[PDB]
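Below you will find one chain, with nothing else, as structure tokens; this is the form deposited without its partner chain, and questions on how it binds or moves follow later.
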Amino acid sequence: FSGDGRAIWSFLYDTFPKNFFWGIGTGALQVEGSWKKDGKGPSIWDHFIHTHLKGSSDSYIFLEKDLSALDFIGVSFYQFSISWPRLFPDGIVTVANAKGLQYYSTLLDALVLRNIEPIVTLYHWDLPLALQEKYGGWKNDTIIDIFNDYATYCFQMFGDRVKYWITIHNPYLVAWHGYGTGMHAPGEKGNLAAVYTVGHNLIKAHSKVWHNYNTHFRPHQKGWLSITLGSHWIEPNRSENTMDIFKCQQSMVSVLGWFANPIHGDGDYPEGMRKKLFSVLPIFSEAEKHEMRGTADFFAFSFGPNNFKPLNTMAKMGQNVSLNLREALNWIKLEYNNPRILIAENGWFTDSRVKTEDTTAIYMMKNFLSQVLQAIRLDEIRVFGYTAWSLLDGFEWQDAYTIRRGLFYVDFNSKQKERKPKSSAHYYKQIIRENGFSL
């Protein structure tokens, strides 16, 4: 329950639970390229890259190469996102872009053929520019119905093949960097009222889509739907200091509790936020609280560099930033009453000059996975799957191509964009084969 995580602040295992669910993920803007090919409409990131920044993986034209990389790793699932403006170029559900539909349908067919489970993310930051220009995007509560219409079409066209759905990837960053820091599209700065209005509409849009899925599609399709929430971790500078511990709790509440309390908790924002942020935080009606709570069939958790870098991504409140994924999972278990957890994104990054010998990625993966195994076996945390991030090198948002996060290397100056397994691809392949660390 709300506040219980504060208690957390006061290689023993090789093999994961039998038939643990191993996977890997991408986002559409990071890997697809072909930003206006075949009638795809522009996203807010297409516009942002032109204004604020100065082909990528070409996944749109190299589907068979991505599939071969997935086969090499041997994953049981592949998380990817659908580019909304590739499917509906103006965001509204007028005539679908047939080549966009064909791409996602062919990808899903290829996964089903391989008995690889798709995990499909509806929104990974690429809002159709038409919705931003006409309404102000997520600032406008008209977005809730427009998003639900898009979700509805996706459930109808893809839900017989897709059994795991994610509405929104890391809504914290959508709101906070999109409208607070300006570091992400659409690049608005200050406007703290907009930050929390955007967060409010993301939560309400998510809830509407969960209720849509629960009522209209789950009975025949028998799948699961969640939302990927990201966080950092943090530790007190002075272990016995109750003020440092309180600030650690406030830090986690400010990033993760903001979105998880309404969806996974009691249906309302964290009480401390509702008071200090009273002039900017929208108020859930009593009817809305009942509709926000319980709108996630599992807890999807992101723990990666986007929640640590750059420095303005979150408030440390004078404490000590930590990469302790085991403790972060314990915080989730305590705050949100021991839910089933998918690690929907985990990994780190290298400088782009590191091509295939990504030794630090293996070091990070070993430590993260050991922490997950300890969380499962010592803390009884209900982690059922792990998404390595990312399948291949791509465009990394404001960092562009200056960092790499793929398990497969891509030479962006090569026309063929061959996916070359890095050291971490060989390592993760063996992890999956042995269901954990080598025996």
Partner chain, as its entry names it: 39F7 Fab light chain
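Residue numbers count along the first chain shown, from 1.
Colleague: Using the PDB record, quantify the missing residues of the deposited sequence between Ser10 and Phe11 as none, 1 to 3, 4 to 9, or 10 or more.
Modeller: The entry has a long gap there, with 10 or more residues left out between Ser10 and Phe11.
Colleague: In terms of residues present in the deposited sequence but not modelled, what lies between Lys54 and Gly55: none, 1 to 3, 4 to 9, or 10 or more?
Modeller: Per the deposited record, the segment joining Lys54 and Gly55 lacks coordinates for 4 to 9 residues.
Colleague: Mean CA temperature factor from the deposited coordinates, higher in 277-285 or in 252-260?
Modeller: The stretch with the larger average C-alpha B-factor is 277-285.
Colleague: According to the deposited model, is the average Cα temperature factor higher in 64-72 or in 45-53?
Modeller: The stretch with the larger mean CA B-factor is 45-53.
Colleague: Pick out which of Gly347, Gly136, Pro118, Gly91 has the highest C-alpha B-factor in the PDB entry.
Modeller: Highest CA B-factor of the listed options: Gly136.
Colleague: Which has the highest CA B-factor per the PDB entry: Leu122, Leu87, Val174, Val354?
Modeller: Result of the comparison over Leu122, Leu87, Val174, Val354: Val354.
Colleague: Ordered by C-alpha B-factor within the chain, which third holds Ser302? Give me lowest, middle or highest, please.
Modeller: Lowest third.
Colleague: Relative to the other modelled residues of the same chain, rank the CA B-factor of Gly230 and answer lowest, middle or highest third.
Modeller: It falls in the bottom third of the chain.
Colleague: Rank-wise, by C-alpha B-factor, drop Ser207 into the lowest, middle or highest third of its chain.
Modeller: Middle third of the chain for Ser207's C-alpha B-factor.
Colleague: Quick one: classify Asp145 as lowest, middle or highest third of the chain based on its Cα B-factor.
Modeller: For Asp145, the deposited C-alpha B-factor lands in the middle third.
Colleague: Considering every modelled residue of the chain and its Cα B-factor in the PDB entry, is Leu373 in the lowest, middle or highest third?
Modeller: Ranked within chain, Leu373 CA B lands in the middle tercile.
The form deposited with its partner chain bound is left out here; the points below concern that form.
Colleague: Please pick, from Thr106, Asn237, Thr242, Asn337, the one residue with any non-hydrogen atom lying within 4.5 angstroms of its partner chain in the deposited bound form.
Modeller: Partner contact (heavy atom, 4.5 Å) among the options: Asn337.
Colleague: Just one of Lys355, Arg293, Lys309, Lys99 has a heavy atom within 4.5 angstroms of its partner chain in the deposited bound form, so which one?
Modeller: Of the candidates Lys355, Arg293, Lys309, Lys99, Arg293 is the one lying within 4.5 Å of its partner chain in the deposited bound form.
Colleague: State yes or no: in the deposited bound form, is some non-hydrogen atom of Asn191 no more than 4.5 angstroms from a non-hydrogen atom of its partner chain?
Modeller: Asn191: no, not in contact with its partner chain in the deposited bound form.
Colleague: Hey, in the deposited bound form, does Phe80 get a heavy atom within 4.5 angstroms of its partner chain?
Modeller: Looking in the deposited bound form, residue contacts with its partner chain do not include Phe80, since no heavy atom lies within 4.5 Å.
Colleague: Is it the case that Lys222, even though its partner is missing from this view, gets within 4.5 Å of its partner chain in the deposited bound form, heavy atoms only?
Modeller: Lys222: yes, in contact with its partner chain in the deposited bound form.
Colleague: Looking at the partner-bound form in the deposited bound form, is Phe349 within 4.5 Å of its partner chain by any heavy atom?
Modeller: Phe349 lies outside the contact set for its partner chain.
Colleague: Just to confirm the contact call: exactly one of 180-188, 314-322, 357-365, 261-269 touches its partner chain in the deposited bound form at a 4.5 Å heavy atom cutoff, so which is it?
Modeller: In the other structure, the partner sits against 261-269.
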